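Single-structure report; data block below.
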Amino acid sequence: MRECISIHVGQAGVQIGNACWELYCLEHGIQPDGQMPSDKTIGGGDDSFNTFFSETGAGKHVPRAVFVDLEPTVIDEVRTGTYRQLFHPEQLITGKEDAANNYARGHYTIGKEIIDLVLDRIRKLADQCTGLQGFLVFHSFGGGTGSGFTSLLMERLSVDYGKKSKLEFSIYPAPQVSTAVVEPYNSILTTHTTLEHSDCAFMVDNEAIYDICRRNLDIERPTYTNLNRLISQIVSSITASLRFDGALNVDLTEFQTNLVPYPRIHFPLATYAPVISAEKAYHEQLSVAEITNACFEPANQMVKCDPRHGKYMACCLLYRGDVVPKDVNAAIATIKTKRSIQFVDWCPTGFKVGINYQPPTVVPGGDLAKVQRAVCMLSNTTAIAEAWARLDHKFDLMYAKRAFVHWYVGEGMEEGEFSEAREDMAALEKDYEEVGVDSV
Amino acid sequence: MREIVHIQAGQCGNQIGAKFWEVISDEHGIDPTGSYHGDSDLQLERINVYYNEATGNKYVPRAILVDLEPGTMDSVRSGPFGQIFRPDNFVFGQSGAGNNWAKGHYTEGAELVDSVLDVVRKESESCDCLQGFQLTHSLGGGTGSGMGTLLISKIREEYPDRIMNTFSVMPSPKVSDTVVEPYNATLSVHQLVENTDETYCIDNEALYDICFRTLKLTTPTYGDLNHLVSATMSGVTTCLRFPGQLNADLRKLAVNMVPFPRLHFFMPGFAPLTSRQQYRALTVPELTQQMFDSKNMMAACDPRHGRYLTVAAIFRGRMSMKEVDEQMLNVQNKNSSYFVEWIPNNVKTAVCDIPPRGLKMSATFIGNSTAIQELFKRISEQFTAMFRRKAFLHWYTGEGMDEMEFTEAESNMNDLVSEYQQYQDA
Ligand SMILES: C=C/C=C\[C@H](C)[C@H](OC(N)=O)[C@@H](C)[C@H](O)[C@@H](C)C/C(C)=C\[C@H](C)[C@@H](O)[C@@H](C)/C=C\[C@@H](O)C[C@@H]1OC(=O)[C@H](C)[C@@H](O)[C@H]1C
Ligand SMILES: Nc1nc2c(ncn2[C@@H]2O[C@H](COP(=O)(O)OP(=O)(O)OP(=O)(O)O)[C@@H](O)[C@H]2O)c(=O)[nH]1
Ligand SMILES: Nc1nc2c(ncn2[C@@H]2O[C@H](COP(=O)(O)OP(=O)(O)O)[C@@H](O)[C@H]2O)c(=O)[nH]1
Ligand SMILES: [Ca+2]
Ligand SMILES: [Ca+2]
Ligand SMILES: [Mg+2]
Ligand SMILES: [Mg+2]
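Here the protein sequences line up with chains C and B, keeping their order. No gaps in the numbering here: position 438 of the first sequence is 438 in the deposited numbering, and each next residue is one more. With the deposited numbering as the guide, the letters of the second sequence map in order to residues 1 to 42, 45 to 278, 281 to 360, 369 to 438.
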């Protein structure tokens, strides 16, 4: 019951997938060969970690996950690497030719050749669930597969699973690690196409994560490995309620109720603390008060934007590790009397709190200090629309001259799809303005 | 034998209900295995009101446990007195109700409700003379609120001549799980206005404030709130469970307490409320004054902000009935303005010799006060603050509801508020 199926799409989705599943295994005591000594029920169970892992009769704990990419070289490293025994070969799906940074190739030309196979593989995972709750879809905005194939997949999932929940972790592009000039096109196209098919989407701004690694972990020039380990800690905080039990544990769906006031307004801002090196953490315990305060520091947000210049529609605090309500309540009280936290007038101002008692874990050879306690704040703020504004403006600059548009038209698309997508984004930006205006 | 059938629904409903059965089982001398080990015949005289007798002189709660997910009832079954319940009386689904009245009332709850009614019928069928039903639930979630009120409607259809009694936990922003609680509570209150005879209104903020301010609990838990509620429920049902003259059954209670059919929402109270001086002897005068103290009441409504239509007071323990009568007469004679003058002798007092475990004496207060309108006004305000912007409505329209049903629920509760106001000025 309550199974969740993860789908990792394109290079960013897959490599972030690598980092998350490695981290989950460490959190649950699952070895790279899938064996889990502590699990006394062989070949099945309804434990909390079974939401993310199925079990074979031979005692293997297998991720409820599909990895998909239109070229093979990223997934080949999964097939041949440390956790290769973890996955059944059929869970790892590849084509020969990628989408060349072109949404149109991901959604149409190349994607259509593999979409039926991908859905068949997902169906095989679904059939093994007794109470499937929904999907978690990991992908970049900027890549041709991450944008175009993800959109196609989400559309097809709506048809095949109806209104079964679909959540995204979406990688928003940054110039420091971007690989295509057309990523703003791809971002607007996939955001428009997927908008009606996603229930909730956690955007991860690569520039925000890049900055955090440079500033808080003292990494000179962060690699995807650096970025992905941090992102997996944040993803793990968000899914921990699904994978662990506990008296004070609050289900993600319950936070979701508060986080989505209207279908289109479904983009929470995640903030995570503490991000600190081993050298800085040594002999320096960060209390509940300190990590809570850090959530209202914009430098620690997963998306660059300024909530102090917007309005809140929800604030959720997801704690893990050595944390009790007494300390949380005191920390929140201090914050309410010192911070730029303004809510819209049609929303209650209470902070919603969840506590998972299983302490944070780290991967060997990582940059993050092992800490006793951590917190992920999920807020619904009008400020996140800043991210759309920046992207929409880059789109406008290029599209006014129709730069690179021939690449998309050549693969069968029409200018009509571009302006339709961009108008949807304009409406979204306007939606975020409107929800912030006071009631009459 | 006037049997009562007990139903507990959803997370709040089952956690409080489990505590309730723990508390009254101890009072009746029933251990966790259903065996009787008391030393007083008073314990068994009306035991059949709440318990069935099984083979081997076992007593089994006439209780049905209902939820749309298995978690809380798993905990109940694993709890202290979990094995005392009839295994077949656990009725549950797997998908949950997501804090959504529509899921409880129209979609998920609809799929489960017939199986619940089958167990309700089985229990009713063996009753020599069924009084009616008591339901424990919250109004702020999905299962207790939505499926609980669906249940009440179907029970009324099948048992239209039986009394329906609820213990209903009202949500508060201060002790809140989700922002949609005012939607769920407003939808449910209209159901309760039409389909219950008596509803005890328990405000979670009142419970929290009693724990923090009076009991000096620095960080109250749901567990703490639930022990308050359980103690209160034990007190208010004392007249049903032990030999007595006043309000000895559900119908006679309703006839005494409900002068107008819609105004059947009660403010309960309990004394003593003591912080951990806890050994100090309590006097009847002190019991009486605390029982009527707003701080000892559980609807977060100021009694002095309205008037009492009717009041029932129950005293427990060995004490002077002469002094009880004197003290009760004193309260009415010294604050007579807060009792409506057009219902003569509207304060009834009962005394029961058996006090709650670990106390020499205690007192429970049940008030039908027009000040309860403050509770519904609060809910109505919170409702409108969101509804004016149609915020969070998609959770409900996605289950097939339309906005018109929210508009009608809103109007209905504002009508109720107006109806209280007219008798407060009468
Ligand atoms: C927090 C106060 C606890 C105990 C007090 C000293 C008092 O106890 C005595 N003996 O006088 C009691 C009556 C308090 O005034 C009550 C408010 C306590 C209350 C009902 C709830 C608290 C919120 C909750 O934390 C709870 C776990 C704490 C103690 C309960 O075990 C007390 C017993 O509970 C009962 O059901 C009977 C009435 C009786 O046996 C009572 C002695
Ligand atoms: N955080 C993170 N971002 C990545 C990673 N790999 C790629 N990206 C970002 O993703 C975008 C590029 O899309 P990719 O996922 O590489 O492209 P793809 O989905 O494989 O699509 P095609 O290769 O065009 O078929 C750029 O913004 C990159 O900076 C990664 O491992 N981690
Ligand atoms: N007093 C009390 N209130 C509770 C408890 N659990 C939940 N609540 C309240 O009940 C409402 C949530 O409904 P809940 O019963 O959890 O939802 P359901 O399981 O769908 O009926 C909110 O107002 C909570 O504050 C409890 O154990 N005790
Ligand atoms: Ca197992
Ligand atoms: Ca169903
Ligand atoms: Mg690629
Ligand atoms: Mg709940």
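We put the beta carbon where it would ideally sit given N, CA and C, even for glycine.
Put simply, the CB of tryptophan 407 of chain B is near chain C, with a gap under 8 Å to one of its CB atoms. When DSSP assignments are scanned along the region 392 to 437 of chain B, the uninterrupted stretches of alpha helix (DSSP H) that are 4 or more residues long and fall wholly within it turn out to be 406 to 409 and 415 to 437. Listed along chain B, no residue sits closer than 8 Å to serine 241 of chain C by beta-carbon distance, the nearest being about 13 Å off. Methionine 166 of chain B and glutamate 159 of chain B have their C-alpha atoms roughly 12 Å apart. Contact annotation, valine 177 of chain B with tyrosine 202 of chain B: C-beta distance approximately 18 Å; criterion of less than 8 Å not satisfied. Residue list for ligand 7: B:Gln11, B:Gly143 and B:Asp179 (CB closer than 6 Å to any heavy atom, chain order). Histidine 192 of chain B sits buried, since 16 or more C-beta atoms from the chains shown fall within 10 Å of its C-beta. Scanning C:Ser158, C:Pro173, C:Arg229 and C:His192 for the CA closest to the CA of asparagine 206 of chain C turns up C:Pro173. When distances are taken from the beta-carbon of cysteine 356 of chain B to the heavy atoms of ligand 1, even the shortest one reaches 7 Å or more. Within the region 258 to 304 of chain C, the complete beta strand (DSSP E) segments of 3 residues or longer fall at 269 to 273, listed in chain order.
Spanning the alpha carbons of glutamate 420 of chain B and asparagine 54 of chain B requires a straight line of approximately 42 Å.
Ranking C:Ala270, C:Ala333 and C:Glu279 by CA distance to the CA of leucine 318 of chain C puts C:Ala270 first.
Listed by position along chain C, the residues whose Cβ is nearer than 9 Å to that of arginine 400 of chain B are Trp346, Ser439 and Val440. With contact defined as three or more Cβ pairs closer than 8 Å, the region 73 to 85 of chain C and the region 116 to 132 of chain C are not in contact. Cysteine 200 of chain C sits buried, since 16 or more C-beta atoms from the chains shown fall within 10 Å of its C-beta. Taking a contact as a CB-CB distance under 8 Å, the pair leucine 242 of chain C and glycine 354 of chain C does not count as one, their CB atoms being some 11 Å apart.
For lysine 401 of chain C, DSSP assigns no beta-bridge partner whatsoever. Shortest gap from the CB of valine 177 of chain B to any heavy atom of ligand 3: under 7 Å. Of the heavy atoms belonging to ligand 2, none sits nearer than 7 Å to the Cβ of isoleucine 75 of chain C. Excluding the 5 residues flanking it on each side, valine 118 of chain B has same chain C-beta neighbours closer than 7 Å at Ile66, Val68, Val93 and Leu153, in chain order. Closer than 7 Å to some heavy atom of ligand 6: that describes the Cβ of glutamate 71 of chain C. At a threshold of 7 Å, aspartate 47 of chain C counts as near ligand 4, since its beta carbon sits closer than that to one of the ligand's heavy atoms. Contact annotation for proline 175 of chain B against chain C: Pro348 and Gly350 [CB-CB distance below 7 Å, chain order]. Annotation for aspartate 345 of chain C: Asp438 and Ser439 place their beta carbon closer than 7 Å to its own, counting only its chain and skipping 5 residues before and after.
Shown here, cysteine 129 of chain C sits in coil according to DSSP, grouped into three states, outside any helix or strand. Residue state for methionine 373 of chain B is assigned as strand, using DSSP reduced to three classes. Nearest neighbour of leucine 291 of chain B by Cα position, chosen from B:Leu252, B:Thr240 and B:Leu371, turns out to be B:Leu371.
In this structure, DSSP gives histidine 139 of chain C an extended state, which the three-state scheme calls strand.
Shown in chain order are the residues whose CB sits closer than 5 Å to a heavy atom of ligand 6: C:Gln11 and C:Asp98. Contact annotation for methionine 1 of chain C against chain B: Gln96 [CB-CB distance below 7 Å, chain order]. By the Cβ rule, the region 320 to 330 of chain C counts as touching the region 356 to 376 of chain C, because three or more pairs are nearer than 8 Å. For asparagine 329 of chain C, the neighbours in chain B by C-beta distance under 9 Å run, in chain order, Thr221.
Listed by position along chain B, the residues whose Cβ is nearer than 7 Å to that of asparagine 258 of chain C are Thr180 and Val181. In the DSSP assignment, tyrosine 319 of chain C falls within the beta strand (DSSP E) that extends over 312 to 321.
For the pair of segments examined, the region 390 to 401 of chain C was found to touch the region 172 to 186 of chain C: the number of CB pairs separated by less than 8 Å reaches three. No residue range can be given for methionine 1 of chain C, since it is assigned to no beta strand (DSSP E) and is classified by DSSP as neither H nor E.
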